[PDB]
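Participant: Below are the structure tokens for one structure; questions will follow.
When we count neighbours, we look across all protein chains shown, and the Cβ atoms used for this are built from the backbone with ideal geometry, even at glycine. Rule-based calculations on the coordinates, nothing more; no lab input.
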């Protein structure tokens, strides 16, 4: 019952409510029309909706992951096997409840993740994730001892936007280019990376470069980080150095030209392995090594 | 200068022979050292020393208060007392002199106070710390580079510094300091 329109409505909004959250809410609303009890009508419709979303998707898996999570939750729901109405009611409730949970998660983050800041340590935030920014803000509020650093990111000018946002706060800001990151080995103290998806074990999807950063960190023996809230748990694993669903072509040796037509093509998306990251940042207590995989195992049983 | 006591001491029994306070490092007027002959031909192992520091800590037996009561001349406890003991006012009595390789100083002046504070801040005495917290409302925490910070403590960015700094609670520190 319409998802393309919803997609159209949300792309550069975020800020207040997370992009994925809105999608989740929409999914919940869709569910709460055709009845979750009648599984014959419902699950097929859900599948169709997912397919539609995929069709509408260019360069993302996050939405797909969210919908899978939702499905899993729904599956879990009916395990009371008694009165069938209460479960339905609960299902109906869990949509805006999810949104509410986000605030709580943020609050939790503002209490557990504020222990990390030490004497003279330079912080560099990679990509675009709201949670990381919130954490940074909360650290600033606490006034431990830090430095907030930005990047020259290249999707649709994200890095610049981030820099501008930082400027609002007031904290002194200097920039790092995608190429000029190589000089950073010990001076910027700890390497932080924001997430737009967390897979099985160490697998994280963001923007136009993470793997290289991870490699650099490994070389330097630097502390590498994955920072997020709570809505991104995926069952995924790649085979090569990098493997993902792609709309932007990998190594597209552009056709013979003289007056310019199409050129901006390459690895737009980036993955990270298990070995490179030292710490995982989620509101779910204090979990790090391979807890997400365990969670997945608990959930799927497949 | 106030207490540079020249302790003539024993190794076999650890017992004092002479006490003197001199203003010699500050005002060269009365540079003087005496060796009393009353306990000269009984000890034999005479050791001349000066490099020792005041603590003013005493474990006292049943003798001391009675002695005090007896003799009203001892209005003090260091310059008169030890000398009296040496002289045998109460005839034939022993005193102990505990000698430790580890550092021990008492509170006296202002520079000395400062030194004591510095020692406390550093790791000069075996365990002594503020971060352990003693008095109820205390929220002290240990930091690297010999730095002490309580809770509600803030120092701002860009302050290129030497070595060793400590801050109390309820403090707000600005920017750009040497």
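Participant: Can you name the residue in the stretch A:138-159 that is buried (at least 16 other Cβ atoms within 10 Å of the Cβ) and more than 14 Å from chain B (Cβ to nearest Cβ) and is also nearest to residue A:14 (Cα to Cα) among such residues?
Facilitator: Looking at residues that are buried (at least 16 other Cβ atoms within 10 Å of the Cβ) and more than 14 Å from chain B (Cβ to nearest Cβ), I get A:158.
Participant: Taking the stretch A:119-137, which residues are in a loop (DSSP other than H, G, I, E, B) and away from chain B (no Cβ under 14 Å)? Steps first, please.
Facilitator: Filtering the stretch A:119-137 down to residues in a loop (DSSP other than H, G, I, E, B) leaves A:119-120, A:127-129.
Those that are in a loop (DSSP other than H, G, I, E, B) and away from chain B (no Cβ under 14 Å): A:127, A:128, A:129.
Participant: Do we find that residue B:39 is surrounded by 12 or more Cβ atoms within 10 Å (Cβ to Cβ) and part of a helix (DSSP H, G or I) in this structure?
Facilitator: yes
Participant: Suppose we filter the stretch A:240-281 for residues that are in a loop (DSSP other than H, G, I, E, B) and either over 22 Å from the mean Cα position of the chain (by Cα) or without any contact (Cβ under 8 Å) to a residue 60 or more places away in the chain (or both); how many remain?
Facilitator: Summing the residues that are in a loop (DSSP other than H, G, I, E, B) and either over 22 Å from the mean Cα position of the chain (by Cα) or without any contact (Cβ under 8 Å) to a residue 60 or more places away in the chain (or both) in the stretch A:240-281 gives 24.
Participant: Give me the strands (runs of 3 or more DSSP E) completely within the stretch B:81-178, filtered to those with at least 2 residues that are surrounded by 13 or more Cβ atoms within 10 Å (Cβ to Cβ) and within 14 Å of chain A (Cβ to nearest Cβ), ordered by residue number.
Facilitator: Values: elements: B:141-143, B:147-149, B:153-155, B:171-173.
Result: B:141-143, B:147-149, B:153-155.
Participant: Name the single residue that is surrounded by the fewest Cβ atoms within 10 Å (Cβ to Cβ) among those in the stretch A:167-190 being more than 14 Å from every other protein chain (Cβ to nearest Cβ) and more than 23 Å from residue A:223 (Cα to Cα).
Facilitator: A:168
Participant: Would a scan of the stretch A:200-215 turn up a residue that is closer than 30 Å to residue A:64 by Cα, more than 14 Å from chain B (Cβ to nearest Cβ) and part of a strand (DSSP E or B)? Steps first, please.
Facilitator: Narrowing the stretch A:200-215 to residues closer than 30 Å to residue A:64 by Cα: A:200-215.
Still in the running and more than 14 Å from chain B (Cβ to nearest Cβ): A:200-215.
Then drop every residue that is not part of a strand (DSSP E or B), which leaves A:204.
Scanning the stretch A:200-215 turns up at least one residue that is closer than 30 Å to residue A:64 by Cα, more than 14 Å from chain B (Cβ to nearest Cβ) and part of a strand (DSSP E or B).
Participant: Here's a follow-up. Mind listing whichever residues of the stretch A:79-96 are within 17 Å of residue A:33 (Cβ to Cβ) and either outside any helix (DSSP H, G or I) or touching a strand residue (DSSP E or B) at 6+ places or on another chain (Cβ under 9 Å) (or both)?
Facilitator: A:94, A:95
Participant: Here is a further query. Kindly list the number of the only condition in (1) part of a helix (DSSP H, G or I); (2) over 24 Å from residue A:244 (Cα atoms); (3) in contact (Cβ under 8 Å) with a residue 40 or more places away in the chain; (4) under 22 Å from the mean Cα position of the chain (by Cα) that fails for residue A:69.
Facilitator: Failing condition for residue A:69: (2).
Participant: Which numbered condition in (1) over 22 Å from residue A:88 (Cβ atoms); (2) touching a helix residue (DSSP H, G or I) at 6+ places or on another chain (Cβ under 6 Å); (3) surrounded by 15 or more Cβ atoms within 10 Å (Cβ to Cβ) is the only one that residue A:57 fails?
Facilitator: Exception for residue A:57: condition (2).
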